Structure formats: structure tokens, C-alpha cells
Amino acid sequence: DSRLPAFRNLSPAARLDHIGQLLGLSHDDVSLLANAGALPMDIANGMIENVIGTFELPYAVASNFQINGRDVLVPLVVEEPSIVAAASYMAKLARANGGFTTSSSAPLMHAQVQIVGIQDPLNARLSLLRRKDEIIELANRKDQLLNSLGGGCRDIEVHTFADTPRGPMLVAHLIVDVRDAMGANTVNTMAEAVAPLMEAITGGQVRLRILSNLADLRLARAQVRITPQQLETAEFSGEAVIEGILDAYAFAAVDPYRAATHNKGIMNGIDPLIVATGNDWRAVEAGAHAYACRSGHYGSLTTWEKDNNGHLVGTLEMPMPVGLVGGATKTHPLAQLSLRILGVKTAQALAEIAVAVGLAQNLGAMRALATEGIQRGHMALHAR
């Protein structure tokens, strides 16, 4: 059960103990949170360069979250107040209608093999596509362990840019199926592995061989439904809040200035979960925002509609390149503990949870903005 009565009123230690026997955490786990210094300086000096100490941020746990029926405790790490309070409140509201319904796609990341110096980019493109299976085999032969787990290269997509400032270019895409890893290093290696062969076929000169953070092939989805009766406040009625939420969305869909803050709200829920799991939060931000302006217009990441049943339905679909076997995820004592609290067994499972927390946050942010204002809640929670 994710519901935690009077949890916000409970003392930190009381909370850590409650969460402890609830999940059945060993003392060895509770001690990592009980005392400061869970990350030894010998390990901290192994992650970054020029380490002189450690910086710490609050480690909270959101409640009420329910993904596909299964209850789950979401660990968050931020400095901004109201975030954990809103994510949990909206999560409580979604419960009454089935919580959050999520889904995802195969962990498909893609490398880029930039080739310049070609005089016939278009012709050379077909040369690559026709010898695609060769290029694929070579890529896989490098990372066979990945193929053992069911991952590996799946397909190649060659694109051209004859309008490049520095002459025509040929950018081939290696759609590699990573597994429970973000795929950064896995993909980057395959890119540098096939680099020689592609260069031999097109007769060009390979430049960059890096992955693309705009993982539009590794999407994660999340849905919610909010009955008007649930949003009925003392002043405003249920119906009144729904229209407001809809106006707030229309605004963000047409004006980039509002879209910026709107999407920022979404990230406020996703980022904290990423830092806690030890994942690269910057990769998530880059793929999120870039996907938000894929139609030549910076728009909203979430969508808020009112089904023909009167209910408020919102969704969230965005690139979610997150892992479980990554570098920092395995070396940080708390990163491993975060995964244990979540109970996630795969990267995509974690991905689905991340987009659910975001969809919830955005809902809470807009509900307040349309209800009264933003100061009442945030500022109250923003004491001192």
C-alpha cells in the first residue's frame, strides 16, 4: 500500500522506520538513510574528477502513486518545495479511477555516423541501404553479450543533408536495441565499430560517431483521468476547474513562453526520480525539450482533454532514456536503494514510472494555477 496516513506529519526518523518495515528493508538499508555519508569518499573520488567532498540534497518519498494497479513508492531528490506534496496529492486523486495507466516501447537508442567529403550523398545513401545487413552484422559481432540478453542492432536509417553550411553530409542512424541500460556507451562503441565499413562503401570521411539524446524511438506513456467531482473546491466547482485546466493547456500549446514553464513543471517530477536512481538528468532534459519542439513549434509535452463523458483526461509521451545497469546507478549505495524501493526489474519499467510522476506533477501545477493561484500552496510550503 502506497498510501501513507499522516506521513507528512511524521518525523523523518518515524518516516524512515515506517518505510523500513513496510518494504521490509534491512537495518543495513535504513542505516544508509539514517546516517550521513552513505557515499564513501573513495567511491565519490571515482565518479567525478577533482573531488574535494560531497554535496547533499533532501531525499523524499512520494505517496499514493499507483501504476497499473501495482502500488509503488517513488523516491525524489530536489530542493524546491511543493513538488513532493503536489505529486502525491494528484496521485491520490488518480487512485479513485485506476491510478496511472502506462506503456512503453522497446529500448531503442540510435547512433549517428556523420560522413562528409562525399560528392554524391544521395547515390551513396542507397549503397549503404543495400549493404545494410553487412553493417548490422559487424555492429552486433562487437557486443554479443547484448544479443544474449535480447538486445543488439535492429536497423539502419541513412539521412542526407545537401544543404549543410560545410557542404553535403550523410548521417546514418544505427537503431540499436539496448536493454536495461541507457545505451550511451553501448551505442557509441557500435558506431565507432562500423565507422570504417561505412567509410569504405560511401567513399566519404566519417566525422562524429555519437548517440543522439533525442531518443524519439524510446518513448514512455502515461494516462490519467480526473472526475470533475474530485476537483470541486470550496469556491470553484468541479466543472469550473476542468475548463480552467483546459484553458491553461491551450495557452501552453500555442504560446512557447507558457510551454517553457509548463514543461518545466513536468520535469520537476521526472528529474528528482532520475537523480535518485543515479541517472543522467541532463540526457532526460535534452530529449524531453527537443521532442517538445519536433513540429517546428515548442509546445506542451502533456495533453489535457475532456472526454465526451465530462471527465478530464491527460496524457504524457516523451523520450525516456533511463537505465539500471549504468555507471553511477551501480556505484551509488542510494541509487541501488532507490531501485529497491521502486521494485522495478527493467529500465522501461522505471521509464513508465518517471512519465507517470511527471504527468501527475503537471496536473497539480495547473490545478492550483487555475483554482486560486500558485502562491497559496507553493509559498505556504515555501517557509523560510
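Numbers for residues come from their place in the sequence shown, where the first is 1. We call the rigid core the largest set of C-alpha positions that still match within 1.5 Å between the two forms.
S.K.: Of the stretches 190 to 198 and 157 to 165, which sits farther from where it is here in 9 other deposited structures of this protein, on average over its Cα atoms, after fitting the core?
M.R.: Higher root mean square deviation of C-alphas in 9 other deposited structures of this protein is shown by 157 to 165.
S.K.: Line up the rigid core: which moves more in 9 other deposited structures of this protein, 268 to 276 or 141 to 149, by C-alpha RMS?
M.R.: Farther on average in 9 other deposited structures of this protein: 141 to 149.
S.K.: So which stretch wins on mean C-alpha B-factor, 243 to 251 or 203 to 211?
M.R.: Higher mean C-alpha B-factor in the PDB entry: 203 to 211.
S.K.: Per the record, averaged over C-alpha atoms, which has the higher B-factor: 154 to 162 or 260 to 268?
M.R.: Here the higher of the two C-alpha B-factor means belongs to 154 to 162.
S.K.: From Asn123, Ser300, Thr101, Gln144, can you pick the one with the highest C-alpha B factor in the entry?
M.R.: If I rank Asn123, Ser300, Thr101, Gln144 by C-alpha B-factor, first place goes to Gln144.
S.K.: For the listed residues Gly287, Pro228, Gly314, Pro107, which one has the largest C-alpha B-factor as given in the deposited model?
M.R.: Reading the PDB entry, the winner on C-alpha B-factor is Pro228.
S.K.: What third of its chain's C-alpha B-factors does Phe236 belong to: lowest, middle or highest?
M.R.: Ranked within chain, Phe236 CA B lands in the highest tercile.
S.K.: Lowest, middle or highest third of the chain for the C-alpha temperature factor of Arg294?
M.R.: Highest third of the chain for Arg294's C-alpha B-factor.
S.K.: Would you check the entry's CA temperature factor for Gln112 and let me know if it's in the chain's lowest, middle or highest third?
M.R.: As the PDB entry reports it, the C-alpha B-factor of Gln112 lands in the lowest third of its chain.
S.K.: Would you mind ranking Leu33 by its C-alpha B-factor against the rest of the chain and naming the third, lowest, middle or highest?
M.R.: Middle third - that is where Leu33 ends up once the chain's C-alpha B-factors are sorted.
S.K.: Consider only the C-alpha atoms of the modelled residues in this chain, order them by B-factor as the entry records it, and name the third containing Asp216: lowest, middle or highest.
M.R.: According to the entry, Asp216 has a C-alpha B-factor in the chain's lowest third.
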